[PDB]
Each structure stands twice: as C-alpha cells, then as structure tokens.
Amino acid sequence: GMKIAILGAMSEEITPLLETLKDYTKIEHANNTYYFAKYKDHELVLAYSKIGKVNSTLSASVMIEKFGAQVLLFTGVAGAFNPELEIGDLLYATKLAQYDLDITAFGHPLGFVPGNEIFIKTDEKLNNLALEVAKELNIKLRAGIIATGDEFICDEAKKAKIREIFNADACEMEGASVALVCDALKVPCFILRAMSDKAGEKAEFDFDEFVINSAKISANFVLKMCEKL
C-alpha cells in the first residue's frame, strides 16, 4: 500500500490522530518529532510542523525526501473568508496562493515569483475521494481557494483585500507552502481545513475557543480518507 504522510501545523491538529492510533514510534529529526504508525494496515508518517510557511515547507520536504511518503494529507484549522462558512465547517483547497509573497516592485503580480505559479493545485483524485467520504459519512464539505501567508489575520480590511485579489475562501499559514513542496516532488496533496474563526476583529479569541474542536473534525476526516487509499 501507499505510504501516507499526515501533516498539521500545531499539536492540537495532530494529537487527536495520535490518540486514536494509540501505538506509534517517535523519531526526532529536523528539530521536530515524526510519528510512525500503522492504521488499518496503512503505513503512516505524521507530524505537526510548527506554525508557518518555512516550518511547514521543511516538514513536507522531510516527509517526502527523507521518509519517502507517496501521498500527503494536510489537516488543521483556518480563518474563514467566505461569508457562507461557519466555525467548524470543512473546506478543501482546490488551489492555493501565497498572499504575502510580494515582488510587485518589478511588475510581477502579487503572489508570483519567476519559475512558479500564482496558484498551486491539489490532487484531483484525492479531492474526489474526499467528496466520496463526505457523502458516505454525511459530512458537509466545501471546495474553495485558500490564501496562505505568515500572518495570523484578524483584520477585516486585510481579509477583504486578500479575498478580492485571490478569490480566497479562507486563510492559513501552511497550505500553499505544503502544496508547493508536494507539487515539486510529484506527490499527490490534499489540503483540508476546519474553520476556527472568521479572521476579523477578535479572531484570536475565536481561534483559542474553537481550535481544539475544529482540529478534531478535520483530523477525523483525513483518517477516514486513509481507509480509501
């Protein structure tokens, strides 16, 4: 069977999986811990990267280049931009951009550097698998664009600008970087986020209130996807 990596950013996003698995082997590498487990006869490597683009890029690269993961599922929470999203709602990214990658001084569009794309796509077959799981389990699942950058967004004006430029439905600090790594290394990637907040005024309070539960929702979903891989 295919070797699966499951990646989140924070302990809250991955600990629910570790608790469900119960039995696993911990390996210290890249100033972090990587967890190795067998789930319903699937070989898994799991980790939380620590927050942000650099940490999540490094973890995705380690999971693939060092440990040989063949498919990568990202699980965690996000800030909702689309007004139809509520706290706890699941969104998978069809494509992702880095909103804070800015060499626009040279005439490039926001989010662009030479040699790369503005938007990185996720894997079609994995996205269709997620739609099958959502139907099976009667779980509401939305498709959308995720905007990634190294700021916790809690500002209606910033939210509005990023939504306008990229038609983004949510924001977070790891998806586009993870997707870029997977695309570069020819590994199918799936990015799932459960909303923890609405990325506006007082979003830090909502994040703290809802991160634990929203993280569990996304974590459970990706574990169910593993069963179809």
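Superpose the two forms; the largest set of C-alphas matching within 1.5 Å is the rigid core. So that there is no doubt, residue numbering starts at 1 and follows the sequence shown.
K.L.:
Which of 217 to 225 and 201 to 209 lies farther, on average, from the shown form in 5 other deposited structures of this protein once the rigid core is superposed (C-alpha RMS)?
P.N.:
Higher average C-alpha offset in 5 other deposited structures of this protein goes to 201 to 209.
K.L.:
After fitting on the rigid core, which stretch moves more in 5 other deposited structures of this protein, 169 to 177 or 39 to 47, going by C-alpha RMS?
P.N.:
Per-stretch check in 5 other deposited structures of this protein: the more divergent one is 39 to 47.
K.L.:
Would 210 to 218 or 15 to 23 have the larger average of its C-alpha temperature factors, as given in the entry?
P.N.:
In the deposited entry, the stretch with the higher C-alpha B-factor mean is 15 to 23.
K.L.:
With reference to the PDB entry, specify whether the mean Cα temperature factor is higher for 187 to 195 or for 40 to 48.
P.N.:
Going by the record's values, the stretch with the higher mean is 40 to 48.
K.L.:
From 145, 154, 72, 131, pick the one with the largest CA B-factor in the entry?
P.N.:
Out of 145, 154, 72, 131, the record gives the largest C-alpha B-factor to 131.
K.L.:
Sorting the chain's modelled residues by C-alpha B-factor, tell me whether residue 84 ends up in the lowest, middle or highest third.
P.N.:
Top third by C-alpha B-factor.
K.L.:
Could you look up the Cα B-factor of residue 4 in the entry and say which third of the chain it sits in: lowest, middle or highest?
P.N.:
Its C-alpha B-factor belongs to the middle third of this chain's values.
K.L.:
Can you tell me whether residue 106 has a C-alpha B-factor in the lowest, middle or highest third compared with the other modelled residues of the same chain?
P.N.:
It falls in the top third of the chain.
K.L.:
Quick one: classify residue 59 as lowest, middle or highest third of the chain based on its Cα B-factor.
P.N.:
Lowest third, going by the recorded CA B-factors of the chain.
K.L.:
Grab the CA temperature factor for residue 178 from the record and place it in the lowest, middle or highest third of its chain.
P.N.:
Ranked within chain, residue 178 CA B lands in the lowest tercile.
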